[PDB]
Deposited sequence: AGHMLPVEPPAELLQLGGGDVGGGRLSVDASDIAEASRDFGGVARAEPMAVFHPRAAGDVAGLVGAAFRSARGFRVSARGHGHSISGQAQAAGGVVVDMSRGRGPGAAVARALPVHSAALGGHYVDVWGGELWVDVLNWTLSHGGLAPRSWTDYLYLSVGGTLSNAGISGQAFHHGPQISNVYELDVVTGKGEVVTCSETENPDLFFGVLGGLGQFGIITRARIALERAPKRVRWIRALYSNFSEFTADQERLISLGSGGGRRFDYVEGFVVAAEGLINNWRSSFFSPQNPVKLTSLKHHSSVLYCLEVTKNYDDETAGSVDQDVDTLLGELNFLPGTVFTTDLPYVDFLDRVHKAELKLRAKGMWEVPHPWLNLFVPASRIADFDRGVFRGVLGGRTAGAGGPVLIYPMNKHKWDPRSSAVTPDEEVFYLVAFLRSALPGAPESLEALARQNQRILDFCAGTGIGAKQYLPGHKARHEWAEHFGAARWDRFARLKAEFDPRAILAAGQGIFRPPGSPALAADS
């Protein structure tokens, strides 16, 4: 336990009993507030040595949908609560800068820290910055930059991990690689990340942010696929998209072009040349020019508007799927024009954009479809508050989408999976990856103390 403290404070318990999903409510016995990595090791070590064992889960910002950060009758480690920060460091071997961050650090605070110490910033993002480093690294961490730099799990040099035996282990591609690759995308199963060594680049100053409309899905996806194949060279720095509710279906392409004081003179010509090659509906180009930080933090501004309208602290029955590019047209037909019938019926934004599998290390625990180009399709649903029928309808719509994928053999894979059924986890991973996942579990968390809320292994 060391410098850290155990808390049975009512508000601490209440927060550790809830997440962004707003449904799962498993209460821990206590909330642990560590001062350092050693405190986390002491607590996990005490759980591993105890006769009965007890559940231990790290909580980042509690952005999980289905109780993944919850520890029923156990201890929730509040990693993100404020508790010495390492400055960025340049390596001539890596050919750039890295920075060591506490595992519970929010990406927003990492960004503010790196910009203030050399105008540096991480290369790979999430659309929302109030997420912990350990939380997104336990999943993948994706946004519109992932097609080029890969997800956040492809932009980490090293980790310190407290295993399910309470041992502090430093790992990287060349040091304890099984733990390193096991933890990256590992759903908190093999240890708690107390340190992550993040790749950095010189941050641009400004962003040209563009949106354009399409009515033809083949032309929309052909343009997204062409844009993500660039830069192997003139390209957009971010590529996303979303399905537009008409109240015939519309699609919106979202791209950006980053610039600084030096490149400001070529930005307008670069954007025009890239747009001139696209097939969006004429006269539907919407442009904004804004500082880099303001673009990165755009989702937080939307959050503030939702909180003011009492539309933030509502159930969020999200569904995030990775769909192979070869079946994206069938998905659009079956889901966007079928299950949804072209209708707001989704209960929130429906994001759609492709990524390149080659930017994803095949050794990590992350599960992607068995194809080079795949899409993220994100149903970012909000149920109406006080309306149980709203959550029932959206949960049923998620089940139909999964049933349509399984029924038509679309090799889709859930991102942030909420399976909680043995044969379904085995189907999610596939034979070879499941055997490796189970073997890593026997090695690093044999008692299944960690991240029991994921519902993969039988916990104490």
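In sequence order, the deposited residues that have no C-alpha coordinates form the ranges 1-20, 104-109, 259-260, 276-301, 398, 516-524.
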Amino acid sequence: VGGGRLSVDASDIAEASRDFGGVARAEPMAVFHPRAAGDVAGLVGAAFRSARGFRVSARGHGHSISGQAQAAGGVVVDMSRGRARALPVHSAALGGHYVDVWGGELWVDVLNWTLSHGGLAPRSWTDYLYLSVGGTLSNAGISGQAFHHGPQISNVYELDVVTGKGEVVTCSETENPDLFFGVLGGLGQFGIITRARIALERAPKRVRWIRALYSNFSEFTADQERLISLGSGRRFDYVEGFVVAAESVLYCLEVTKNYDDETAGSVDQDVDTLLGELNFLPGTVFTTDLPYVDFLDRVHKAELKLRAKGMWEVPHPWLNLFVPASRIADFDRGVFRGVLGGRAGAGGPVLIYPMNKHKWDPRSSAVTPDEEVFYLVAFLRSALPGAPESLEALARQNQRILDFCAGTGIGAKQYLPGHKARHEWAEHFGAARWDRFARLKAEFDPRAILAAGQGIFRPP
From here on, numbers count along this sequence of modelled residues.
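Rigid core: the largest C-alpha set superposing within 1.5 Å between the two forms.
Here 381-389 and 364-372 are scored by the root mean square distance of their C-alpha atoms in 8 other deposited structures of this protein, with each structure fitted by the rigid core; the higher score goes to 381-389. Displacement analysis by core superposition in 8 other deposited structures of this protein ranks 330-338 above the other of 272-280 and 330-338 in root-mean-square C-alpha distance from the shown form. Per the compared records, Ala344 is unresolved in at least a third of the other entries whose models span it.
Judged by the one-third criterion across other entries of this protein, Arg83, though modelled here, is missing from at least a third of those that model both its neighbours. Mean C-alpha B-factor is higher over 48-56 than over the other stretch, the pair under comparison being 431-439 and 48-56. With 278-286 and 351-359 compared on mean CA B-factor from the PDB entry, the stretch scoring higher is 278-286. The residue among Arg197, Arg123, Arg211, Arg83 whose C-alpha carries the highest B-factor in the deposited model is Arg83. By the numbers in the PDB entry, the CA B factor is greatest at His419 among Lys413, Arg396, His419, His63.
In this PDB entry, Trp312 carries a Cα temperature factor that places it within the highest third of its chain's modelled residues. Looking at the C-alpha B-factors along this chain, the one for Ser326 belongs to the middle third. In the PDB entry, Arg343 places in the highest third of its chain by CA B-factor.
Annotation for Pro385: C-alpha temperature factor in the highest third relative to the rest of the modelled chain, per the entry. Sort the modelled residues of the chain by CA B factor and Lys301 lands in the highest third.
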